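Here's the letter readout for the chains.
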Amino acid sequence: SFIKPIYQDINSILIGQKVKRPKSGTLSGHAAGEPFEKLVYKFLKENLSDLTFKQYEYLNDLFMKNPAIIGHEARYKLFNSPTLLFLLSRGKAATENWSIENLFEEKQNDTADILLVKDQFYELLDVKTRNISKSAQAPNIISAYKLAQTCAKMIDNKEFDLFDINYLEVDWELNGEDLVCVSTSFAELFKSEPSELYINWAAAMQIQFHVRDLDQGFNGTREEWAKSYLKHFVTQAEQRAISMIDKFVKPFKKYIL
Amino acid sequence: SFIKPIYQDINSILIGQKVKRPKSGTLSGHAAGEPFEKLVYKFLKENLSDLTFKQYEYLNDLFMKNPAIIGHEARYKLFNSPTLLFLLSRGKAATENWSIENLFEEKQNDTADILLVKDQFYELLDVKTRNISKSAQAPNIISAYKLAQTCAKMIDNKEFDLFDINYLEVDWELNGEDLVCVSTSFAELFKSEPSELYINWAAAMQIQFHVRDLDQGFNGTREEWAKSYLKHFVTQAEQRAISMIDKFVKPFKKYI
DNA sequence: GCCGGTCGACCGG
DNA sequence: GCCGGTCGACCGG
Ligand SMILES: [Ca+2]
Ligand SMILES: [Ca+2]
Ligand SMILES: [Ca+2]
Ligand code: NA
Ligand code: NA
């Protein structure tokens, strides 16, 4: 990680940073701590200025550093990596229409919140804000499906030393007429036991876990991670197939016969 | 519907309205046109003050005119309807610790945005916002599961005349800073063909469609709508179990 | 004390 | 038309 070494510099400037609350008055979903994510990034941009990039920010530069390139085919080859492309790309149309006049904007679908790149190594940073004023179910981490594919693309293309997926939990609470961070948590996806990783199918097939509680004792290799997770996914997919019928079918069959 | 009769009147007030954008970043999800639901409730309050209630505002009122009744037990009996309870009631410890000094607030998973009650009849209205500046996918209408549960309850209790679930789509487009409502659409769930409803399992098993495109020509009994929906629900469920395997199993089995 | 359901609203490598 | 993932972050009728 490119943040791990300065987690204390970050964690510190965070706790106690009174930030105005959303003018909307819902504090749910994106609006929840959206301003917080911005807060985190802004710091990196000033500390690790050379490695910090917003996912679209990276893209716009990537394309702009190669102006003599056009079309989707050519612009995709600029990733020099299938996996890393499947995680950061935009889509035929969006890619083909890119321009210095029609840049890329933040897309709700984007895999990573912030990108940290250096020495041909990428760190996909996804921050999760958590309202400490209450106790709720584990946040959405990432799509198990998009994770299963990323593993396939890793195994097939043999790319085990290219990127990392790390999370930064930002605990906040309501105080007065504005929000306030009260603590933080960091963890590395590829450092946790894959087999134990929880997949919430209904919840957009997302993996769910509080960063604060994520274990980090995986001693195996990266290749060993992918292959191990992909096995966990399938198993859970099968198990879910059955349970789905046992829960959304059986108890209702007495209304159609 | 207590809204329909004056749809044209609401549709005229909303068009033109504006809402300042948040942190000036990704106006999506709970942070998108969300604020427009606050304008629907407002105008609805001004023209139907005796029937407009935030689902929580309503519950706080119910309990407030029943000082004698305390405890989750009896407090639930205050709904006088299982189904509606499954759709409006709050948690156990929540209804227990309720006091005029600890009222209900906005819950993130509350079935409705607005509740229009009148003469023992309810209208669970769910407002939908949308940036028409782009051809986007259809929004989450409601949990297909929660719906199947609702119908099943409607048949166990014969409650085929008590509530209606309707939707109000409000389209907006960015204009400098604030977002300005440019259009509107209204539609009644229980009028659409319960069999042509699209269940997106990966998307919180939510029913998905754009209000402006929902068909309104069902010509059966409410009892029929339910029976049908459960037949359509149970079917799709089986089909999903099979689709999963061929999409999250076979293409990944080469890896072990 | 183990687990997963719901709301909001997004385009198509 | 039609089909369907994905990011965000929420507690118990
Ligand atoms: Ca995030
Ligand atoms: Ca709504
Ligand atoms: Ca299309
Ligand atoms: Na994520
Ligand atoms: Na809904």
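Residues numbered from 1 in each chain as written, not as in the entry; some residues may be left out. Chains lettered and ligands numbered in written order. Heavy atoms only, no water. Residues with missing side-chain atoms left out of burial classes, pairs and counts.

As summarised from the PDB record, the model derives from X-ray crystallography at a stated resolution of 2.8 Å.

The PDB entry lists chain B under the name Hinc II endonuclease, from Haemophilus influenzae.

The name that the PDB entry assigns to chain A is Hinc II endonuclease, with the source organism given as Haemophilus influenzae.

Novice: What exactly am I supposed to notice about the protein's contact with DNA strand D here?
Specialist: As a structural note, the neighbourhood of DNA strand D is formed by 46 residues, with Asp113, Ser143 and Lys146 of chain A together with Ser89 and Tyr198 of chain B the closest of them. With respect to DNA strand D, the side chain of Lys128 of chain A contributes an N or O atom lying 2.8 Å from a phosphate oxygen. Contributions of two or more residues to the surface near DNA strand D are made by β4 (121-131), β5 (140-143), α7 (144-157) and β9 (206-208) of chain A together with α4 (72-77), β8 (198-200) and α8 (222-248) of chain B. It is β4 of chain A that contributes the most residues to the surface near DNA strand D, 5 residues altogether. Broken down by class, the residue content of the surface near DNA strand D amounts to 14 nonpolar, 20 polar and 12 charged. (Near = heavy atom within 4 Å. Polar contact = N/O pair within 3.5 Å; in protein donor to acceptor, adjacent residues only side chain to side chain. Helix = DSSP H or I, 4+ residues; strand = E, 2+ residues; numbered from the N terminus. Nonpolar A, V, L, I, M, F, W, Y, C, P; charged D, E, K, R; others polar.)

Novice: Sorry, what's going on with the pairing of strand β6 (residues 163-175) of chain A here?
Specialist: Two faces, one strand: in a regular strand the side chains alternate between the faces of the sheet. All names here are of chain A. Most of β6 is tucked away, with 10 of its 13 residues classed as buried. Sheet analysis places β4 next to β6, joined by 10 bridges and oriented parallel. Bridge pairing links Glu123 to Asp164 in β6. Note: β6 against strand β7 (residues 178-188), 10 bridges, orientation antiparallel. Paired with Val170 across the bridge in β7 is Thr184. Taken together, β6 and the strand that follows it, β7, pair antiparallel across an intervening segment of 2 residues, in which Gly176 is found at a positive phi of about 80°. (Buried < 20%, exposed > 50% of the residue type's maximum accessible area, 1.4 Å probe, protein only. Pairing = 2+ DSSP bridges.)

Novice: Mind showing me how you'd approach the packing of helix α8 (residues 222-248) of chain A against α8 of chain B here?
Specialist: Relative placement of two packed helices is described by the angle separating their axes and the distance separating the axes. Following both chains from N to C, one finds α8 of chain A and α8 of chain B inclined at 170°, their axes separated by 9 Å at the closest point. As judged from the angle between their axes, α8 of chain A and α8 of chain B are roughly antiparallel. Where α8 of chain A abuts α8 of chain B, its residues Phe233, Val234, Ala237, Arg240, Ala241, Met244, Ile245 and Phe248 of chain A lie against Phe233, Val234, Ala237, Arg240, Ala241, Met244 and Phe248 of chain B. Taken together, the residues that form the contact of α8 of chain A with α8 of chain B break down as 13 nonpolar, no polar and 2 charged. (Axes fitted to C-alpha atoms, helices over the stretch in contact; angles between N-to-C directions. Parallel < 35°, antiparallel > 145°, perpendicular 65-115°, else oblique. Contact = heavy atoms within 4.5 Å.)

Novice: I tried to follow the interface of chain A and chain B on my own but got confused; where do I start?
Specialist: Interfaces are often described in size by the accessible area the parts lose on coming together. Contact residues are listed per partner, giving 40 residues for chain A and 39 residues for chain B. Going through the elements one at a time, α7 and α8 of chain A are the ones with two or more residues in the side of chain A that touches chain B. Looking at the side of chain A that touches chain B, the element that brings in the most residues is α8 of chain A, giving 13 residues. Its residues assigned to classes, the side of chain A that touches chain B comprises 23 nonpolar, 8 polar and 9 charged.

Novice: Just checking my understanding: could you explain a nonpolar patch on the surface for this structure?
Specialist: Residues and elements named next belong to chain B. On the surface, a nonpolar cluster with roughly 280 Å² of combined accessible area is contributed by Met64, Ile100 and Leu103. Structurally, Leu103 is set in the loop between α6 (92-96) and β3 (114-116). For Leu103, a relative accessible area of 35% gives the class partly exposed. (Patch = residues over 30% accessible without salt bridge, like charges linked within 9 Å, V, L, I, M, F, W, Y side chains within 5 Å. Areas by Shrake-Rupley, 256 points an atom, 1.4 Å probe, with all protein chains shown as cover. Salt bridge = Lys/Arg side-chain N within 4 Å of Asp/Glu carboxyl O.)

Novice: So what exactly am I meant to see when it comes to the sheet that holds β6 of chain A here?
Specialist: In a beta sheet, neighbouring strands are held together by backbone hydrogen bonds and run either parallel or antiparallel to one another. All names here are of chain A. With mixed pairing, the 6 strands of this open sheet are ordered in space as β1-β7-β6-β4-β3-β2. What marks the edges here is a single partner per strand, and that holds for β1 (19-20) and β2 (52-54). In the packing of helix α1 (residues 7-14) onto the sheet, the strands contacted are β6 and β7, and the crossing angle to β7 comes to about 160°. The sheet strands contacting helix α2 (residues 34-47) are β1, β2, β3 (114-118), β4, β6 and β7, and the helix crosses β2 at an angle near 145°.

Novice: Looking at this structure, how should I read the coordination of the calcium ion (ligand 1)?
Specialist: In an ideal tetrahedron of four donors about a metal, each angle is 109.5 degrees. In an ideal octahedron of six donors, the angles are 90 or 180 degrees. All names here are of chain A. The calcium ion (ligand 1) binds to the protein through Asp113 (OD), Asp113 (OD), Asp126 (OD) and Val127 (O), with metal-donor distances spanning 2.2 to 3.1 Å. Linear spacing of the donor residues for the calcium ion (ligand 1) on their chain is D-x12-D-V. The distance between the calcium ion (ligand 1) and the sodium ion (ligand 4) is 5.4 Å, with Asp126 acting as a donor to both metals. By the burial criterion, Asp126 is buried, and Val127 matches it. (Donors = N, O, S within 2.8 Å, 3.2 Å for Na, K, Ca; no water.)

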